[PDB]
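Quick notes on the structure that follows.
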Ligand code: SF4
Ligand code: SF4
Ligand code: SF4
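Residue numbers (the authors' numbering), protein chains in the order written: chain S, 42 to 101; chain N, 2 to 146; chain I, 3 to 191; chain H, 2 to 394; chain J, 11 to 168; chain O, 2 to 69; chain M, 1 to 111; chain A, 76 to 224; chain K, 7 to 210.
Here it is in structure tokens:
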């Protein structure tokens with residue numbers, strides 16, 4: 042109940058990845074793999090990550 | 002090169018639901034499907050991500066609602082339950098029905114547990130969900146996951 | 003008059019030198035590293051805009067039909083019954099046939115609730131065509147992540163290779179896209 | 002074995018199953034001994050009916066359709082399909098959207114000439130750089146996949162207000178890298194044909210369309226420029242801020258396959274110059290710098306101005322194509338891709354005629370196969386740059 | 011009304027109309043078909059040497075078929091040639107235009123396309139065949155009142 | 002009489018010798034003659050009918066239809 | 001020039017077959033119901049399809065011998081074959097190699 | 076290659092629509108039997124061959140001249156054109172290079188005083204690499220190589 | 007009937023290959039037809055270019071075993087890489103019928119699955135290639151990227167490795183051969199091959 046909830050804002054911290062420093066919106070949580078929604082761009086992208094490479098932000 | 006016997010059918014009859022680990026380059030596990038079909042089973046090879054809510058698609062009636070391309074109406078099509086319609090429309094002396102799911106990836110753990118319990122409850126129904134990956138064709142029971 | 007005999011031998015030896023030169027420079031093509039993206043073990047990463055399989059969230063849907071009226075073939079079958087106990091639209095069984103879909107994500111842009119998102123998933127091959135009718139729980143699944151498969155060495159294609167790199171095969175350890183991001187010039191200037 | 006041997010001229014089918022990248026057309030040629038006497042081209046094996054589909058589609062849902070005529074340079078089709086309600090309603094585009102349009106269209110011209118160039122060198126007999134041309138075409142594919150989302154065709158990139166989305170964070174750098182990589186390749190492609198006497202023997206005087214006969218037959222693009230006419234629609238029509246650069250239209254005086262080859266190679270060499278001169282004069286530069294300048298300098302100071310936007314008033318899907326008619330055009334990879342739009346204040350057009358760039362260049366193909374041999378058929382068909390999705394549409 | 015080719019070139023016993031102008035500044039002319047081969051010929055002897063977009067449309071589901079001709083003065087350089095458009099309105103019960111193939115040969119295949127899509131019979135040009143539909147097809151698919159038959163291939167995917 | 006959204010069917014004897022019959026075959030398909038063609042647009046004496054077959058819409062006269 | 005209408009489940013082939021060759025005849029046309037065996041075809045529904053085909057080729061008297069009319073006959077026979085499959089008189093094969101349901105999925109009658 | 080062999084064993088017959096059914100099956104056989112039969116001539120060492128065959132390379136040339144009969148047989152026995160034309164084209168190509176092959180072999184038969192390949196190699200295996208015929212036939216090797224390609 | 011488009015009960019068909027030698031020879035047979043898989047060089051539309059992007063160097067076509075063939079007689083596979091019109095459909099059924107019997111079809115792109123964006127307002131587009139040909143693997147994506155095509159080829163290989171060698175007999179045609187006499191008028195060949203020599207190009 043304390044773990045990563047859907048509906049908030051995130052930002053990726055996995056450095057050796059195509060998606061880096063990207064802020065996203067977490068949309069669905071099944072089996073640990075977290076799928077976040079990226080508003081950046083005209084088409085909204087859904088890219089799957091895991092909890093070992095994500096951390097929520099405090100500013101927004 | 003790996004002359005495989007019929008141990009695969011014995012692990013299928015033992016576990017009831019086994020997860021396959023196929024090399025991702027193509028057809029190196031279909032020899033086991035043909036061994037399984039030669040022992041009297043009827044394999045039903047279909048793609049797992051096209052199924053949704055396997056409690057409803059496999060054993061329940063489900064409205065398909067095909068694509069109207071701006072021309073027809075909604076026009077719901079009530080597909081029969083796949084496992085029970087393919088099990089009742091079978092020879093009565095057959096070995097059973099086997100659901101051969103070719104994409105075990107992009108599925109949840111809950112659907113794996115449901116598939117294993119579904120193979121355990123009704124008597125002649127086995128699944129060979131292909132979660133993929135491994136360098137050789139190797140299979141586990143669908144016990145832990 | 004041997005002006006056309008020596009010209010004949012000159013054309014012959016010029017063609018022979020051309021064949022020898024082209025044979026020397028096609029022998030310098032074998033030493034180059036092959037650019038083959040070896041698919042089942044080297045699945046190349048799609049870009050941050052790819053427009054693969056459409057993802058749908060059954061709870062974020064106000065049951066309008068904007069995703070149908072902007073789709074080029076009016077494809078998504080959204081059907082609702084109005085519940086006068088609550089007086090909202092109350093969607094039931096949204097679905098998209100991905101054998102008919104042309105993957106333009108018009109329905110993704112013109113979605114007022116950001117319900118429809120698009121994924122990086124393209125391996126959608128099926129044996130039966132009617133299995134491409136993804137209903138609301140089928141297309142509400144988490145997509146296949148190419149960088150999280152323990153059999154694939156994923157490859158950035160060309161627009162994510164840093165500033166001098168043409169092919170993503172010689173990449174040492176996850177070097178980023180081109181350079182700085184808009185959180186750098188705000189700190190610079 | 003009921004094949005007899007007559008003295009009358011035979012008939013060669015060359016039917017719709019072409020075992021190369023030649024499209025779907027029949028080429029029923031007679032060719033008595035070797036001289037091609039007659040040539041009936043059968044057309045319409047990809048006629049899917051875009052002109053009747055268009056009358057039942059909104060322009061926001063006909064943009065995914067328009068990549069399928071010239072499906073090697075797809076966005077050129079969007080470059081008329083967007084520009085047809087743009088000039089009825091008078092919707093202005095931003096300067097940044099216009100420069101992004103110029104960059105996308107010149108990359109599409111490079112890719113279209115590369116996909117012409119592969120099969121043309123394979124038909125003329127070179128057949129070594131067929132596998133080396135698809136590499137730079139894949140570079141253009143991966144450039145399009147970052148910005149537009151898809152590869153060479155299925156882009157929804159062009160919109161009535163400009164461009165659907167601005168460029169990514171590393172796009173300008175990698176496009177400059179591709180141009181620095183691609184400047185010597187066009188010189189290599191020119192020296193492959195012109196510094197080899199067997200190829201220029203295969204391409205000299207093969208198809209002898211005149212200057213005035215090219216104007217009479219309605220030829221356009223590199224088939225018109227190779228006959229002698231300096232007619233580029235980017236220069237004739239002051240189109241989409243193409244006059245802010247310094248490029249010269251390539252022409253030749255003969256009109257044969259070698260002249261068309263030279264015009265297309267020099268069109269690649271001029272389009273990459275237009276790419277460089279547009280990347281330099283991009284309003285705000287790359288998107289990372291422009292987004293940073295509109296982030297740190299408040300919400301003001303001309304970087305939030307109109308001509309520094311990617312979209313000029315992103316429109317509702319129920320946009321009415323207003324009452325009135327005109328005829329827009331672009332100079333695509335084959336030249337004069339035109340749209341005759343007669344929209345009548347409906348959400349749909351009333352008539353959407355497609356003037357294809359190579360449907361009017363394929364009618365000269367029986368005229369160009371008059372005094373030619375058998376093995377010079379596929380060269381001449383190679384020199385037209387025919388793509389049957391535009392010919393049939 | 012007006013028009014820089016009606017008041018300039020059409021006062022040599024040709025008797026044309028003037029529909030106005032386009033939204034791109036192109037001047038339109040309505041021409042009765044019986045003197046089309048006259049009025050195009052004086053436009054070929056004027057400088058309009060390039061025929062682009064020999065189109066055709068319906069102008070209403072029961073009204074007259076139209077066959078349009080978008081002429082232009084293709085010179086050797088830039089800056090906006092005069093670019094006139096001709097329109098020929100033909101009745102639907104007898105659609106029949108004298109072909110302009112012997113003036114501009116560009117209408118060899120564009121008149122075949124407009125005949126294949128609308129049934130406008132072009133008199134004079136050599137091949138009047140279906141160019142896009144199958145050559146044994148019945149009907150004209152780009153008319154507004156085209157009842158397309160229920161072939162099994164044209165039905166839904168089932 | 003006939004408005005936008007009415008499921009109309011085509012009267013064959015009214016259609017058989019019109020100028021609407023010049024555009025197509027004289028061997029009319031049976032999707033016209035079932036009450037499932039929906040009127041989507043009326044532009045004066047003619048209506049645009051969308052039939053449930055996945056083929057383009059037909060513009061027929063208003064007196065060639067009847068509300069099923 | 002052989003006139004034919006080859007789609008799935010019907011082949012028209014205006015002409016007669018001799019050994020494995022169809023020779024183009026003017027005043028006859030053959031019929032090849034389901035050449036790939038997606039359906040089962042008991043003899044009652046097979047005779048029904050044969051009678052419907054002879055009625056269709058009798059009603060098509062007086063028209064041209066184009067491929068358009070052959071395609072019309074084949075499409076009407078396709079709609080009849082799909083109507084027999086939808087009525088339940090014809091089943092899917094299930095011994096075939098493809099099993100792709102080209103005339104609709106199985107579905108229950110009402111709900 | 077082995078799968079590309081084995082798959083072609085598994086595929087069916089086609090018989091193109093009025094094919095000869097005797098000349099059709101014999102065309103490939105007539106074009107590949109003398110090429111296999113010409114492997115008597117090749118040595119892998121002194122007496123490491125099937126037979127010496129005093130007319131060795133001349134018999135190889137004579138047997139290779141049977142190829143544009145299986146070519147014309149495969150061209151004729153198909154009832155379609157473009158393969159009869161292709162068969163005549165391949166037979167006109169295959170007889171245009173028999174005579175330069177024969178002349179280039181004739182130069183080596185001059186320099187070797189015979190036609191058997193054991194005697195042809197034995198007149199080169201005297202000084203190892205200096206007695207090879209490519210240094211004494213610099214253009215005959217080119218004529219043989221281009222004519223054999 | 008209570009099931010609208012029903013499946014039918016088989017005749018209890020089983021091979022029951024208890025032999026392990028013939029099972030391994032069946033494995034060799036399926037591997038050999040699996041790892042060769044020579045497709046027809048068949049195009050017709052947009053998707054073919056992505057198919058050509060497999061034959062190039064960035065994605066490799068050959069590394070699954072498959073080299074493209076010009077003639078359908080040497081073709082083991084057909085990837086229907088584009089829209090099938092009403093004009094192209096008999097030509098496509100002809101070039102599928104001209105292949106040897108262990109043949110495979112991949113419906114590439116949305117135009118051959120269902121006739122994707124032409125499944126609404128087109129009068130000359132076959133809505134799906136399975137209205138003409140038995141299809142093995144369906145391949146979505148309007149231009150399916152070449153990784154998706156050699157994913158469809160991977161699923162086709164998974165399909166091929168299941169095929170039994172005793173089950174050959176599904177490769178049949180099963181003639182029915184109902185012949186009827188008709189009373190239609192023969193028309194002359196409208197399209198003959200006379201384009202410039204026709205006596206209407208010379209003078210009006
Ligand atoms: S547009 Fe979005 S919110 Fe509206 S119905 Fe479609 S998916 Fe739901
Ligand atoms: S992606 Fe395009 S084609 Fe697919 S459902 Fe959305 S709008 Fe329709
Ligand atoms: S599916 Fe899309 S890309 Fe493929 S042929 Fe059809 S329109 Fe072209």
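Ideal Cβ positions, reconstructed from N, Cα and C, are used throughout, including at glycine.
Contact with chain I by residue i, beta-carbon distance below 9 Å
i, result
"residue 64 of chain K", "yes"
Short CB-CB distance (under 9 Å) between residue i and chain A
i, result
"residue 13 of chain H", "yes"
"residue 10 of chain H", "no"
Neighbour flag for residue i against chain H, beta carbons, 9 Å
i, result
"residue 53 of chain O", "no"
Any chain O beta carbon closer than 9 Å to residue i
i, result
"residue 314 of chain H", "no"
"residue 72 of chain N", "yes"
CB contact below 9 Å: residue i versus chain M
i, result
"residue 112 of chain N", "no"
is_contact[residue i, chain J] using C-beta, thresh 9 Å
i, result
"residue 393 of chain H", "yes"
"residue 59 of chain O", "yes"
"residue 44 of chain O", "yes"
"residue 208 of chain H", "no"
Coarse secondary structure for residue i, derived from DSSP in three states
i, result
"residue 25 of chain K", "coil"
"residue 161 of chain A", "helix"
"residue 71 of chain S", "strand"
"residue 138 of chain J", "coil"
"residue 150 of chain J", "coil"
"residue 185 of chain A", "helix"
"residue 142 of chain H", "helix"
"residue 55 of chain M", "helix"
Test item: CB-CB of residue i and residue j under 9 Å
i, j, result
"residue 9 of chain K", "residue 95 of chain M", "no"
"residue 164 of chain K", "residue 28 of chain N", "yes"
"residue 29 of chain J", "residue 116 of chain J", "no"
"residue 159 of chain J", "residue 60 of chain O", "no"
"residue 69 of chain H", "residue 167 of chain H", "no"
"residue 1 of chain H", "residue 313 of chain H", "Here chain H covers residues 2 to 394 and nothing more, so residue 1 of chain H does not appear."
Task: chain A contacts from the stretch 32–59 of chain K (Cβ-Cβ distance under 9 Å) - done: Flagged, chain order: 34, 35, 37, 38, 39, 40, 41, 42, 43, 44.
Task: Members of the stretch 131–149 of chain K near chain M, C-beta cut-off 9 Å - done: Within the stretch 131–149 of chain K, the residues whose Cβ lies closer than 9 Å to some Cβ of chain M are 132, 134, 136, 137, 138, 139, 140, 141, 142, 144, listed in chain order.
Task: Beta carbon nearer than 5 Å to a non-hydrogen atom of ligand 2 - done: Having a Cβ closer than 5 Å to some heavy atom of ligand 2 are I:73, I:77, I:103, I:104, I:106, I:107, I:108, I:109.
Open item on the list: Any residue with its C-beta under 5 Å from a non-hydrogen atom of ligand 3 counts. Can you list them all in chain order?
Closed with: Proximity to ligand 3 was defined by a C-beta distance below 5 Å to any of its heavy atoms, and the residues meeting it, in sequence along the chain, are H:69, K:51, K:52, K:53, K:88, K:89, K:115, K:116, K:117, K:148, K:149.
Open item on the list: Tell me which residues of the stretch 129–148 of chain I have at least one Cβ-Cβ distance to chain M shorter than 8 Å, keeping chain order.
Closed with: Taking 8 Å as the Cβ-Cβ cut-off, the stretch 129–148 of chain I approaches chain M at 129, 130, 131, 132, given in chain order.
- [ ] Give, in chain order, every residue of the stretch 63–90 of chain S whose Cβ lies closer than 8 Å to some Cβ of chain H.
- [x] Contacts with chain H (Cβ-Cβ distance below 8 Å) from the stretch 63–90 of chain S involve 82, 83, 84, listed in chain order.
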